[PDB]
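**Q** Below is the file data-v5.cif, with mmCIF, N, CA and C atoms.
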data_upload
loop_
_atom_site.label_atom_id
_atom_site.label_comp_id
_atom_site.auth_asym_id
_atom_site.auth_seq_id
_atom_site.Cartn_x
_atom_site.Cartn_y
_atom_site.Cartn_z
N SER U 1 104.88 -229.35 -233.47
CA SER U 1 104.32 -227.97 -233.63
C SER U 1 103.27 -227.94 -234.75
N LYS U 2 103.58 -228.51 -235.90
CA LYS U 2 102.62 -228.52 -237.05
C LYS U 2 101.30 -229.22 -236.70
N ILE U 3 100.44 -229.41 -237.68
CA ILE U 3 99.14 -230.10 -237.44
C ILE U 3 99.38 -231.61 -237.31
N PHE U 4 99.84 -232.04 -236.17
CA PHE U 4 100.13 -233.49 -235.95
C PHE U 4 98.87 -234.22 -235.48
N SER U 5 99.02 -235.44 -235.01
CA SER U 5 97.83 -236.23 -234.54
C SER U 5 98.17 -237.00 -233.26
N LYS U 6 97.27 -237.85 -232.80
CA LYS U 6 97.54 -238.64 -231.56
C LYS U 6 98.68 -239.64 -231.80
N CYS U 7 98.53 -240.51 -232.77
CA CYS U 7 99.61 -241.51 -233.06
C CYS U 7 100.80 -240.82 -233.75
N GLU U 8 100.54 -239.88 -234.63
CA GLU U 8 101.66 -239.18 -235.34
C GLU U 8 102.62 -238.54 -234.32
N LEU U 9 102.10 -237.81 -233.36
CA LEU U 9 102.98 -237.18 -232.33
C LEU U 9 103.58 -238.26 -231.42
N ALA U 10 102.84 -239.32 -231.17
CA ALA U 10 103.36 -240.42 -230.30
C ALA U 10 104.52 -241.16 -230.98
N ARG U 11 104.39 -241.45 -232.26
CA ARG U 11 105.49 -242.17 -232.99
C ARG U 11 106.69 -241.25 -233.18
N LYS U 12 106.45 -239.98 -233.43
CA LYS U 12 107.59 -239.02 -233.63
C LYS U 12 108.38 -238.87 -232.32
N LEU U 13 107.70 -238.65 -231.22
CA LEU U 13 108.40 -238.50 -229.91
C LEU U 13 109.07 -239.83 -229.51
N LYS U 14 108.43 -240.94 -229.78
CA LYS U 14 109.04 -242.27 -229.43
C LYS U 14 110.39 -242.44 -230.15
N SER U 15 110.46 -242.03 -231.40
CA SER U 15 111.74 -242.17 -232.17
C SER U 15 112.85 -241.31 -231.54
N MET U 16 112.53 -240.14 -231.04
CA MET U 16 113.58 -239.27 -230.41
C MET U 16 113.97 -239.80 -229.02
N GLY U 17 113.07 -240.48 -228.34
CA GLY U 17 113.40 -241.03 -226.99
C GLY U 17 112.40 -240.50 -225.93
N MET U 18 111.27 -239.98 -226.35
CA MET U 18 110.27 -239.46 -225.36
C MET U 18 109.33 -240.58 -224.89
N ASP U 19 109.34 -241.72 -225.55
CA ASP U 19 108.44 -242.84 -225.12
C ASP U 19 108.85 -243.35 -223.73
N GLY U 20 107.98 -243.21 -222.76
CA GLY U 20 108.30 -243.65 -221.37
C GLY U 20 109.42 -242.76 -220.79
N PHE U 21 109.63 -241.58 -221.35
CA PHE U 21 110.70 -240.67 -220.84
C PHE U 21 110.39 -240.26 -219.39
N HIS U 22 111.31 -240.53 -218.48
CA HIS U 22 111.10 -240.18 -217.03
C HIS U 22 109.79 -240.80 -216.51
N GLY U 23 109.46 -241.99 -216.97
CA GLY U 23 108.20 -242.66 -216.51
C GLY U 23 106.98 -242.11 -217.29
N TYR U 24 107.17 -241.11 -218.12
CA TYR U 24 106.03 -240.53 -218.89
C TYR U 24 105.87 -241.29 -220.22
N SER U 25 104.89 -242.17 -220.30
CA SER U 25 104.67 -242.95 -221.56
C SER U 25 104.39 -242.01 -222.74
N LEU U 26 104.32 -242.55 -223.94
CA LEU U 26 104.05 -241.69 -225.15
C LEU U 26 102.71 -240.96 -225.01
N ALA U 27 101.71 -241.62 -224.48
CA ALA U 27 100.37 -240.98 -224.31
C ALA U 27 100.48 -239.67 -223.52
N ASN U 28 101.28 -239.65 -222.47
CA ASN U 28 101.44 -238.41 -221.65
C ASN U 28 101.85 -237.22 -222.53
N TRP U 29 102.72 -237.46 -223.48
CA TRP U 29 103.17 -236.36 -224.39
C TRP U 29 102.08 -236.03 -225.42
N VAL U 30 101.37 -237.03 -225.90
CA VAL U 30 100.30 -236.79 -226.92
C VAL U 30 99.09 -236.08 -226.29
N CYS U 31 98.51 -236.64 -225.26
CA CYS U 31 97.32 -236.00 -224.60
C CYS U 31 97.65 -234.57 -224.15
N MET U 32 98.88 -234.32 -223.75
CA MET U 32 99.29 -232.95 -223.31
C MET U 32 99.17 -231.97 -224.49
N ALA U 33 99.67 -232.35 -225.64
CA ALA U 33 99.58 -231.46 -226.84
C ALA U 33 98.17 -231.53 -227.46
N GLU U 34 97.45 -232.59 -227.20
CA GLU U 34 96.06 -232.75 -227.75
C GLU U 34 95.09 -231.83 -226.99
N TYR U 35 95.43 -231.41 -225.79
CA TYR U 35 94.53 -230.52 -225.01
C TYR U 35 95.08 -229.09 -224.95
N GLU U 36 96.39 -228.93 -224.89
CA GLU U 36 96.99 -227.56 -224.83
C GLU U 36 96.76 -226.82 -226.15
N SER U 37 97.28 -227.34 -227.24
CA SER U 37 97.09 -226.66 -228.57
C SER U 37 96.12 -227.43 -229.47
N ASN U 38 95.73 -228.64 -229.08
CA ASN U 38 94.79 -229.45 -229.92
C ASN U 38 95.42 -229.71 -231.30
N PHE U 39 96.67 -230.10 -231.32
CA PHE U 39 97.40 -230.36 -232.61
C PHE U 39 97.40 -229.13 -233.53
N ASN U 40 97.14 -227.95 -232.99
CA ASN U 40 97.13 -226.73 -233.85
C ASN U 40 98.50 -226.04 -233.78
N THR U 41 99.10 -225.77 -234.92
CA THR U 41 100.44 -225.11 -234.93
C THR U 41 100.35 -223.63 -234.53
N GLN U 42 99.22 -223.00 -234.76
CA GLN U 42 99.08 -221.56 -234.38
C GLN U 42 98.38 -221.43 -233.01
N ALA U 43 98.10 -222.53 -232.34
CA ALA U 43 97.43 -222.44 -231.01
C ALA U 43 98.42 -221.92 -229.95
N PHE U 44 98.11 -220.80 -229.34
CA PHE U 44 99.03 -220.24 -228.30
C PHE U 44 98.24 -219.45 -227.24
N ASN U 45 98.80 -219.31 -226.07
CA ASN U 45 98.11 -218.54 -224.98
C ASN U 45 98.74 -217.15 -224.84
N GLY U 46 98.02 -216.20 -224.30
CA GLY U 46 98.58 -214.82 -224.14
C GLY U 46 98.87 -214.53 -222.67
N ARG U 47 97.96 -214.84 -221.78
CA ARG U 47 98.19 -214.57 -220.33
C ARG U 47 98.18 -215.87 -219.51
N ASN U 48 99.18 -216.07 -218.69
CA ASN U 48 99.25 -217.31 -217.85
C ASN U 48 99.20 -216.95 -216.36
N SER U 49 99.62 -217.85 -215.50
CA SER U 49 99.60 -217.56 -214.02
C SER U 49 100.47 -216.32 -213.72
N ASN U 50 101.62 -216.22 -214.34
CA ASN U 50 102.51 -215.04 -214.11
C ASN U 50 102.43 -214.09 -215.31
N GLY U 51 101.32 -214.09 -216.03
CA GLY U 51 101.18 -213.21 -217.22
C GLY U 51 102.03 -213.78 -218.37
N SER U 52 102.35 -215.05 -218.33
CA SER U 52 103.18 -215.67 -219.41
C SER U 52 102.31 -216.05 -220.62
N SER U 53 102.89 -216.72 -221.58
CA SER U 53 102.12 -217.14 -222.80
C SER U 53 102.62 -218.49 -223.31
N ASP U 54 101.77 -219.25 -223.96
CA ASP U 54 102.19 -220.59 -224.49
C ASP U 54 102.32 -220.53 -226.01
N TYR U 55 103.20 -221.32 -226.58
CA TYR U 55 103.38 -221.31 -228.07
C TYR U 55 103.72 -222.71 -228.60
N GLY U 56 103.25 -223.03 -229.79
CA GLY U 56 103.57 -224.36 -230.40
C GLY U 56 102.51 -225.41 -230.03
N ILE U 57 102.72 -226.63 -230.46
CA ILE U 57 101.76 -227.74 -230.15
C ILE U 57 101.77 -228.07 -228.65
N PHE U 58 102.91 -227.95 -228.02
CA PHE U 58 103.00 -228.23 -226.55
C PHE U 58 102.55 -226.99 -225.76
N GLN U 59 102.61 -225.82 -226.38
CA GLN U 59 102.23 -224.56 -225.68
C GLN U 59 103.09 -224.40 -224.42
N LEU U 60 104.38 -224.25 -224.62
CA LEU U 60 105.33 -224.12 -223.48
C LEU U 60 105.17 -222.75 -222.80
N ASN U 61 105.19 -222.72 -221.49
CA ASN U 61 105.04 -221.42 -220.76
C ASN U 61 106.28 -220.54 -220.98
N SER U 62 106.09 -219.37 -221.54
CA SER U 62 107.26 -218.45 -221.77
C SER U 62 107.60 -217.71 -220.47
N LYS U 63 108.17 -218.41 -219.52
CA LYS U 63 108.52 -217.76 -218.22
C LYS U 63 109.61 -218.54 -217.46
N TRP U 64 109.70 -219.84 -217.63
CA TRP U 64 110.74 -220.64 -216.90
C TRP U 64 111.75 -221.26 -217.88
N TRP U 65 111.57 -221.06 -219.17
CA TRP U 65 112.52 -221.66 -220.17
C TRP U 65 112.45 -220.91 -221.51
N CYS U 66 111.97 -219.68 -221.52
CA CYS U 66 111.88 -218.93 -222.82
C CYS U 66 111.57 -217.44 -222.57
N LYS U 67 112.18 -216.57 -223.35
CA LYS U 67 111.94 -215.10 -223.19
C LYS U 67 110.80 -214.65 -224.11
N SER U 68 109.82 -213.94 -223.57
CA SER U 68 108.68 -213.46 -224.41
C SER U 68 108.22 -212.08 -223.91
N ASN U 69 106.98 -211.73 -224.17
CA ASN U 69 106.45 -210.41 -223.70
C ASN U 69 105.88 -210.54 -222.27
N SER U 70 106.28 -211.56 -221.54
CA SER U 70 105.77 -211.76 -220.16
C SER U 70 106.66 -211.03 -219.13
N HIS U 71 107.11 -209.83 -219.46
CA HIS U 71 107.99 -209.06 -218.52
C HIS U 71 109.22 -209.90 -218.14
N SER U 72 110.06 -210.21 -219.10
CA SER U 72 111.28 -211.04 -218.84
C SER U 72 110.89 -212.46 -218.41
N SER U 73 111.81 -213.39 -218.51
CA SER U 73 111.51 -214.80 -218.12
C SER U 73 112.79 -215.50 -217.64
N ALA U 74 112.72 -216.77 -217.32
CA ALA U 74 113.94 -217.50 -216.86
C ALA U 74 114.84 -217.84 -218.05
N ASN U 75 114.26 -218.02 -219.22
CA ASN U 75 115.06 -218.36 -220.44
C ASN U 75 115.98 -219.57 -220.18
N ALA U 76 115.52 -220.52 -219.41
CA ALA U 76 116.36 -221.74 -219.12
C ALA U 76 116.69 -222.48 -220.43
N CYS U 77 115.82 -222.42 -221.41
CA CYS U 77 116.10 -223.11 -222.71
C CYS U 77 116.89 -222.18 -223.65
N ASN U 78 117.01 -220.90 -223.31
CA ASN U 78 117.77 -219.92 -224.15
C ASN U 78 117.19 -219.85 -225.56
N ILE U 79 115.94 -219.48 -225.67
CA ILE U 79 115.29 -219.36 -227.00
C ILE U 79 114.03 -218.49 -226.89
N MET U 80 113.93 -217.47 -227.70
CA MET U 80 112.73 -216.58 -227.65
C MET U 80 111.47 -217.38 -228.01
N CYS U 81 110.32 -216.96 -227.53
CA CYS U 81 109.06 -217.71 -227.84
C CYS U 81 108.43 -217.19 -229.14
N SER U 82 109.19 -217.16 -230.20
CA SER U 82 108.66 -216.68 -231.51
C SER U 82 108.69 -217.82 -232.54
N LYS U 83 109.74 -218.61 -232.55
CA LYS U 83 109.84 -219.75 -233.53
C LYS U 83 109.30 -221.05 -232.91
N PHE U 84 108.08 -221.03 -232.42
CA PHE U 84 107.49 -222.26 -231.81
C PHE U 84 106.18 -222.67 -232.51
N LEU U 85 105.62 -221.81 -233.34
CA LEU U 85 104.35 -222.17 -234.05
C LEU U 85 104.63 -222.54 -235.52
N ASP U 86 105.80 -223.08 -235.79
CA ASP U 86 106.15 -223.47 -237.20
C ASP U 86 105.59 -224.86 -237.52
N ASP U 87 105.86 -225.37 -238.70
CA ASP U 87 105.35 -226.72 -239.07
C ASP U 87 106.41 -227.80 -238.77
N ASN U 88 107.31 -227.55 -237.84
CA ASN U 88 108.36 -228.55 -237.50
C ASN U 88 108.29 -228.89 -236.00
N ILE U 89 108.33 -230.16 -235.67
CA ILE U 89 108.27 -230.57 -234.23
C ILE U 89 109.67 -230.93 -233.71
N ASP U 90 110.62 -230.04 -233.88
CA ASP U 90 112.01 -230.31 -233.40
C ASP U 90 112.37 -229.37 -232.23
N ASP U 91 112.14 -228.09 -232.38
CA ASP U 91 112.45 -227.13 -231.28
C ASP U 91 111.40 -227.24 -230.16
N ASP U 92 110.18 -227.56 -230.52
CA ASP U 92 109.10 -227.72 -229.49
C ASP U 92 109.42 -228.91 -228.59
N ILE U 93 110.03 -229.94 -229.14
CA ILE U 93 110.39 -231.14 -228.33
C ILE U 93 111.75 -230.91 -227.65
N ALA U 94 112.65 -230.20 -228.30
CA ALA U 94 113.99 -229.92 -227.70
C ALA U 94 113.83 -229.15 -226.38
N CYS U 95 113.03 -228.11 -226.39
CA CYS U 95 112.81 -227.31 -225.14
C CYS U 95 111.79 -228.01 -224.22
N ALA U 96 110.97 -228.89 -224.77
CA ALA U 96 109.97 -229.61 -223.92
C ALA U 96 110.68 -230.41 -222.82
N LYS U 97 111.80 -231.02 -223.14
CA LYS U 97 112.56 -231.80 -222.12
C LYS U 97 113.03 -230.86 -221.00
N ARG U 98 113.40 -229.64 -221.34
CA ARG U 98 113.85 -228.66 -220.30
C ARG U 98 112.70 -228.37 -219.32
N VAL U 99 111.49 -228.27 -219.83
CA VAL U 99 110.32 -227.99 -218.93
C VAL U 99 110.05 -229.19 -218.01
N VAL U 100 110.43 -230.38 -218.43
CA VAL U 100 110.21 -231.60 -217.58
C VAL U 100 111.36 -231.77 -216.57
N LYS U 101 112.58 -231.50 -216.99
CA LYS U 101 113.75 -231.66 -216.05
C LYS U 101 113.80 -230.51 -215.03
N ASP U 102 113.17 -229.39 -215.31
CA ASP U 102 113.18 -228.24 -214.35
C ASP U 102 112.34 -228.59 -213.10
N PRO U 103 112.30 -227.68 -212.15
CA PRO U 103 111.53 -227.92 -210.89
C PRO U 103 110.02 -227.99 -211.16
N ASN U 104 109.55 -227.33 -212.20
CA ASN U 104 108.09 -227.37 -212.51
C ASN U 104 107.70 -228.77 -213.02
N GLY U 105 108.39 -229.26 -214.03
CA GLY U 105 108.07 -230.61 -214.57
C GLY U 105 106.77 -230.56 -215.38
N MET U 106 105.99 -231.61 -215.33
CA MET U 106 104.69 -231.64 -216.08
C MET U 106 103.69 -230.62 -215.50
N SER U 107 103.96 -230.09 -214.32
CA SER U 107 103.03 -229.10 -213.70
C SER U 107 102.79 -227.91 -214.64
N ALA U 108 103.80 -227.49 -215.37
CA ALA U 108 103.62 -226.34 -216.32
C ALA U 108 102.57 -226.70 -217.38
N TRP U 109 102.58 -227.91 -217.86
CA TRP U 109 101.58 -228.33 -218.89
C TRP U 109 100.27 -228.73 -218.21
N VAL U 110 99.33 -227.82 -218.14
CA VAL U 110 98.01 -228.14 -217.50
C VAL U 110 97.35 -229.33 -218.21
N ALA U 111 97.37 -229.34 -219.53
CA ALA U 111 96.76 -230.48 -220.29
C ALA U 111 97.39 -231.82 -219.89
N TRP U 112 98.62 -231.80 -219.43
CA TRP U 112 99.30 -233.07 -219.03
C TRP U 112 98.82 -233.51 -217.64
N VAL U 113 98.97 -232.67 -216.64
CA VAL U 113 98.53 -233.05 -215.25
C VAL U 113 96.99 -233.18 -215.16
N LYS U 114 96.26 -232.62 -216.09
CA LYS U 114 94.77 -232.71 -216.04
C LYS U 114 94.22 -233.74 -217.04
N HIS U 115 95.05 -234.27 -217.92
CA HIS U 115 94.53 -235.28 -218.91
C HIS U 115 95.45 -236.51 -219.01
N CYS U 116 96.43 -236.65 -218.15
CA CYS U 116 97.34 -237.85 -218.22
C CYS U 116 97.99 -238.13 -216.86
N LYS U 117 98.87 -237.26 -216.40
CA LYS U 117 99.54 -237.48 -215.08
C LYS U 117 98.49 -237.56 -213.96
N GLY U 118 97.48 -236.72 -214.02
CA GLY U 118 96.40 -236.75 -212.98
C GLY U 118 95.22 -237.59 -213.50
N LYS U 119 94.88 -237.46 -214.76
CA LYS U 119 93.74 -238.25 -215.33
C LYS U 119 94.25 -239.62 -215.82
N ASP U 120 94.00 -240.66 -215.06
CA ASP U 120 94.47 -242.02 -215.47
C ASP U 120 93.51 -242.62 -216.51
N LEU U 121 93.73 -242.33 -217.77
CA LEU U 121 92.85 -242.88 -218.85
C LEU U 121 93.51 -244.11 -219.49
N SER U 122 92.75 -245.15 -219.73
CA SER U 122 93.34 -246.38 -220.36
C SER U 122 92.95 -246.46 -221.85
N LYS U 123 92.84 -245.34 -222.52
CA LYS U 123 92.46 -245.37 -223.97
C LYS U 123 93.33 -244.42 -224.81
N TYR U 124 94.36 -243.83 -224.24
CA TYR U 124 95.23 -242.89 -225.02
C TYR U 124 96.08 -243.65 -226.07
N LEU U 125 97.37 -243.82 -225.85
CA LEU U 125 98.23 -244.54 -226.85
C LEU U 125 97.86 -246.04 -226.94
N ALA U 126 97.11 -246.55 -225.99
CA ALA U 126 96.72 -248.00 -226.03
C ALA U 126 95.88 -248.29 -227.28
N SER U 127 94.94 -247.43 -227.59
CA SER U 127 94.09 -247.65 -228.81
C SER U 127 94.66 -246.86 -230.00
N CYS U 128 95.92 -246.49 -229.95
CA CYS U 128 96.54 -245.73 -231.08
C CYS U 128 97.71 -246.52 -231.68
N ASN U 129 98.37 -245.94 -232.66
CA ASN U 129 99.55 -246.60 -233.34
C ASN U 129 99.33 -248.12 -233.52
N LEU U 130 100.39 -248.89 -233.54
CA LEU U 130 100.25 -250.37 -233.72
C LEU U 130 99.94 -251.08 -232.39
#
Could you show the structure in this file as structure tokens?

**A**
Amino acid sequence: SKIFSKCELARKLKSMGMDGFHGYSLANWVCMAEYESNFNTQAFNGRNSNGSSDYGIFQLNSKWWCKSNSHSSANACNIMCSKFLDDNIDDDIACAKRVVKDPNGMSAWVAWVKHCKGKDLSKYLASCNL
């Protein structure tokens, strides 16, 4: 959620177990947050496909795993979309797994399907970290 970086977010998620999680390498998680919020902790969206909103470095859609001002939501993660723009990357990653295991998957993260899952780039985590 805080002002992280390409390798910083990649090494942090790798330690928790997001590296290659469900076939999604560390780059998939970094490029997704690098385009959705651009490593900005206050970067968030107001209107989405269903009038939802994104919050935190991952910018999670407040409609299938969080309650917000989007006229009620699925709240699958059971957490309001208010404590997601803090300087800690623990709750943003805890609910991030719920968005991937749900029926939507990486589809909710446009930056992911448009800059990693769909965009096959060979310069993301390859030219980062060690």

**Q** Taking all atoms listed in the file into account, produce a table as a Markdown table in which each residue of segment 75-105 of chain U with an atom at most 7 Å from an atom of segment 35-48 of chain U appears once, together with its shortest atom pair and the distance in Å to one decimal, ordered by chain and rising number.

**A**
| residue | atom | partner | partner_atom | distance |
| --- | --- | --- | --- | --- |
| U:84 | C | U:41 | C | 6.2 |
| U:85 | CA | U:41 | C | 4.3 |
| U:86 | N | U:41 | C | 5.6 |
| U:87 | N | U:41 | CA | 6.6 |

**Q** Output the selection as a short mmCIF file (atom, residue, chain, number, x, y, z; two decimals), in the coordinates of the input - N, CA and C atoms for each residue.

**A**
data_model
loop_
_atom_site.label_atom_id
_atom_site.label_comp_id
_atom_site.auth_asym_id
_atom_site.auth_seq_id
_atom_site.Cartn_x
_atom_site.Cartn_y
_atom_site.Cartn_z
N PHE U 84 108.08 -221.03 -232.42
CA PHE U 84 107.49 -222.26 -231.81
C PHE U 84 106.18 -222.67 -232.51
N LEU U 85 105.62 -221.81 -233.34
CA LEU U 85 104.35 -222.17 -234.05
C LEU U 85 104.63 -222.54 -235.52
N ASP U 86 105.80 -223.08 -235.79
CA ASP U 86 106.15 -223.47 -237.20
C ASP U 86 105.59 -224.86 -237.52
N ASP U 87 105.86 -225.37 -238.70
CA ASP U 87 105.35 -226.72 -239.07
C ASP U 87 106.41 -227.80 -238.77
#

**Q** Separation of atom CA of residue 100 of chain U and atom CA of residue 24 of chain U, in Å?

**A**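 One can read the atom CA of residue 100 of chain U to atom CA of residue 24 of chain U distance as 9.9 Å.
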
**Q** Nearest residue to residue 110 of chain U out of U:1, U:89, U:56, U:32, using all atoms listed in the file?

**A**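 Among the listed residues, the smallest separation from residue 110 of chain U belongs to U:32.
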
**Q** Which residues, written as a PDB file with N, CA and C atoms, in the frame of the given file, have at least one atom at most 8 Å from residue 81 of chain U, with all atoms listed in the file counted and residues fewer than 3 positions away on the same chain left out?

**A**
ATOM      1  N   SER U  53     102.890-216.720-221.580  1.00  0.00           N
ATOM      2  CA  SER U  53     102.120-217.140-222.800  1.00  0.00           C
ATOM      3  C   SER U  53     102.620-218.490-223.310  1.00  0.00           C
ATOM      4  N   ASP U  54     101.770-219.250-223.960  1.00  0.00           N
ATOM      5  CA  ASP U  54     102.190-220.590-224.490  1.00  0.00           C
ATOM      6  C   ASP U  54     102.320-220.530-226.010  1.00  0.00           C
ATOM      7  N   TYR U  55     103.200-221.320-226.580  1.00  0.00           N
ATOM      8  CA  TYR U  55     103.380-221.310-228.070  1.00  0.00           C
ATOM      9  C   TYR U  55     103.720-222.710-228.600  1.00  0.00           C
ATOM     10  N   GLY U  56     103.250-223.030-229.790  1.00  0.00           N
ATOM     11  CA  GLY U  56     103.570-224.360-230.400  1.00  0.00           C
ATOM     12  C   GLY U  56     102.510-225.410-230.030  1.00  0.00           C
ATOM     13  N   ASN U  61     105.190-222.720-221.490  1.00  0.00           N
ATOM     14  CA  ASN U  61     105.040-221.420-220.760  1.00  0.00           C
ATOM     15  C   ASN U  61     106.280-220.540-220.980  1.00  0.00           C
ATOM     16  N   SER U  62     106.090-219.370-221.540  1.00  0.00           N
ATOM     17  CA  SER U  62     107.260-218.450-221.770  1.00  0.00           C
ATOM     18  C   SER U  62     107.600-217.710-220.470  1.00  0.00           C
ATOM     19  N   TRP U  65     111.570-221.060-219.170  1.00  0.00           N
ATOM     20  CA  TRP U  65     112.520-221.660-220.170  1.00  0.00           C
ATOM     21  C   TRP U  65     112.450-220.910-221.510  1.00  0.00           C
ATOM     22  N   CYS U  66     111.970-219.680-221.520  1.00  0.00           N
ATOM     23  CA  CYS U  66     111.880-218.930-222.820  1.00  0.00           C
ATOM     24  C   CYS U  66     111.570-217.440-222.570  1.00  0.00           C
ATOM     25  N   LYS U  67     112.180-216.570-223.350  1.00  0.00           N
ATOM     26  CA  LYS U  67     111.940-215.100-223.190  1.00  0.00           C
ATOM     27  C   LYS U  67     110.800-214.650-224.110  1.00  0.00           C
ATOM     28  N   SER U  68     109.820-213.940-223.570  1.00  0.00           N
ATOM     29  CA  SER U  68     108.680-213.460-224.410  1.00  0.00           C
ATOM     30  C   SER U  68     108.220-212.080-223.910  1.00  0.00           C
ATOM     31  N   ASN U  69     106.980-211.730-224.170  1.00  0.00           N
ATOM     32  CA  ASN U  69     106.450-210.410-223.700  1.00  0.00           C
ATOM     33  C   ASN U  69     105.880-210.540-222.270  1.00  0.00           C
ATOM     34  N   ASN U  78     117.010-220.900-223.310  1.00  0.00           N
ATOM     35  CA  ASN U  78     117.770-219.920-224.150  1.00  0.00           C
ATOM     36  C   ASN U  78     117.190-219.850-225.560  1.00  0.00           C
ATOM     37  N   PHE U  84     108.080-221.030-232.420  1.00  0.00           N
ATOM     38  CA  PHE U  84     107.490-222.260-231.810  1.00  0.00           C
ATOM     39  C   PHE U  84     106.180-222.670-232.510  1.00  0.00           C
ATOM     40  N   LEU U  85     105.620-221.810-233.340  1.00  0.00           N
ATOM     41  CA  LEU U  85     104.350-222.170-234.050  1.00  0.00           C
ATOM     42  C   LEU U  85     104.630-222.540-235.520  1.00  0.00           C
TER      43      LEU U  85
END

**Q** I'd like the residues picked by the PyMOL selection byres (((chain U and resi 127-130 and name CA) around 9) and name CA) written out as a list in words, using the chain letters and numbers from the file.

**A**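 Selected by the PyMOL selection byres (((chain U and resi 127-130 and name CA) around 9) and name CA) in this file: residues 6, 7, 8, 10, 11, 122, 123, 124, 125 and 126 of chain U.
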
**Q** Using backbone DSSP assignments, extract all strand (DSSP E or B) residues from chain U; output them as a list in words.

**A**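 Secondary structure check on chain U, strand (DSSP E or B): residues 21, 24, 54, 55, 60, 61, 67 and 80 of chain U.
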
**Q** Will you model N, CA, C and O atoms for segment 64-77 of chain U and pass it back as a short mmCIF file (atom, residue, chain, number, x, y, z; two decimals), in the coordinates of the input?

**A**
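The result, stored in out12.cif:
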data_model
loop_
_atom_site.label_atom_id
_atom_site.label_comp_id
_atom_site.auth_asym_id
_atom_site.auth_seq_id
_atom_site.Cartn_x
_atom_site.Cartn_y
_atom_site.Cartn_z
N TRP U 64 109.70 -219.84 -217.63
CA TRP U 64 110.74 -220.64 -216.90
C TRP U 64 111.75 -221.26 -217.88
O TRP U 64 112.69 -221.92 -217.47
N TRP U 65 111.57 -221.06 -219.17
CA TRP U 65 112.52 -221.66 -220.17
C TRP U 65 112.45 -220.91 -221.51
O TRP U 65 112.82 -221.44 -222.54
N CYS U 66 111.97 -219.68 -221.52
CA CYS U 66 111.88 -218.93 -222.82
C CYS U 66 111.57 -217.44 -222.57
O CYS U 66 110.79 -217.09 -221.71
N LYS U 67 112.18 -216.57 -223.35
CA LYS U 67 111.94 -215.10 -223.19
C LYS U 67 110.80 -214.65 -224.11
O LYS U 67 110.80 -214.92 -225.30
N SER U 68 109.82 -213.94 -223.57
CA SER U 68 108.68 -213.46 -224.41
C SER U 68 108.22 -212.08 -223.91
O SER U 68 108.97 -211.36 -223.29
N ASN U 69 106.98 -211.73 -224.17
CA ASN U 69 106.45 -210.41 -223.70
C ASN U 69 105.88 -210.54 -222.27
O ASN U 69 105.08 -209.73 -221.84
N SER U 70 106.28 -211.56 -221.54
CA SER U 70 105.77 -211.76 -220.16
C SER U 70 106.66 -211.03 -219.13
O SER U 70 106.93 -211.54 -218.06
N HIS U 71 107.11 -209.83 -219.46
CA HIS U 71 107.99 -209.06 -218.52
C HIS U 71 109.22 -209.90 -218.14
O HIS U 71 109.39 -210.26 -216.99
N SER U 72 110.06 -210.21 -219.10
CA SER U 72 111.28 -211.04 -218.84
C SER U 72 110.89 -212.46 -218.41
O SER U 72 109.78 -212.72 -218.00
N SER U 73 111.81 -213.39 -218.51
CA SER U 73 111.51 -214.80 -218.12
C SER U 73 112.79 -215.50 -217.64
O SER U 73 113.85 -214.89 -217.56
N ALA U 74 112.72 -216.77 -217.32
CA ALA U 74 113.94 -217.50 -216.86
C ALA U 74 114.84 -217.84 -218.05
O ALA U 74 116.05 -217.94 -217.91
N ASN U 75 114.26 -218.02 -219.22
CA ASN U 75 115.06 -218.36 -220.44
C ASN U 75 115.98 -219.57 -220.18
O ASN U 75 117.09 -219.63 -220.69
N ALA U 76 115.52 -220.52 -219.41
CA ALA U 76 116.36 -221.74 -219.12
C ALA U 76 116.69 -222.48 -220.43
O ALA U 76 117.73 -223.10 -220.54
N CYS U 77 115.82 -222.42 -221.41
CA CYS U 77 116.10 -223.11 -222.71
C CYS U 77 116.89 -222.18 -223.65
O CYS U 77 117.39 -222.60 -224.68
#
